[PDB]
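All remarks here apply to the structure that follows.
Residue numbers (the authors' numbering), protein chains in the order written: chain M, 64 to 114; chain I, 160 to 211.
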């Protein structure tokens, strides 16, 4: 159907936009993982200085 | 004077020994936790919180 055709096209476009946000969330995940590792290391050094 | 000094020092030393014996005795109660971190980059649980 023509309207179902437009709807399916719009939904697939919405899927692709969700995939673009999937990319952005992947970037957030990776950078925050770097942050997690850096925090582990910095906390270790801070506790050592405490000792 | 020497006897008085000796008795005073003996009493003081005995009291200090009585204190210091237990002072050295149980000094390991200072062992506690430090609560370090590991970034927990491996938690992949599911949403099933029913216990709260």
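Just so it is clear, CB atoms sit at the ideal spot from N, CA and C, and this is done for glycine as well.
Could you tell me how far apart the beta carbons of residue 198 (chain I) and residue 109 (chain M) are, in whole angstroms, since I believe they sit closer than 8 Å?
Taking a contact as a CB-CB distance under 8 Å, the pair residue 198 (chain I) and residue 109 (chain M) does not count as one, their CB atoms being some 15 Å apart.
Look up residue 190 (chain I) in the DSSP assignment and say whether it is helix, strand or coil.
It is coil, neither helix nor strand.
Which of the three DSSP states is assigned to residue 200 (chain I) in this structure?
In the displayed model, residue 200 (chain I) falls within coil according to three-state DSSP, outside both helix and strand.
I'd like to know if residue 182 (chain I) contacts chain M, where contact means its C-beta is closer than 7 Å to some C-beta of that chain.
Closer than 7 Å: no.
When you compare only the Cα positions, how much space is there between residue 107 (chain M) and residue 98 (chain M)?
A direct Cα-Cα distance of roughly 14 Å separates residue 107 (chain M) from residue 98 (chain M).
With DSSP as the reference, label residue 88 (chain M) as helix, strand or coil.
Three-state result, residue 88 (chain M): helix.
Determine, for residue 197 (chain I), whether the minimum Cβ-Cβ distance to residues of chain M falls below 7 Å.
Taking 7 Å as the CB threshold, residue 197 (chain I) lines the interface with chain M.
Counting only C-beta atoms, is residue 97 (chain M) closer than 7 Å to chain I at any point?
Not an interface residue.
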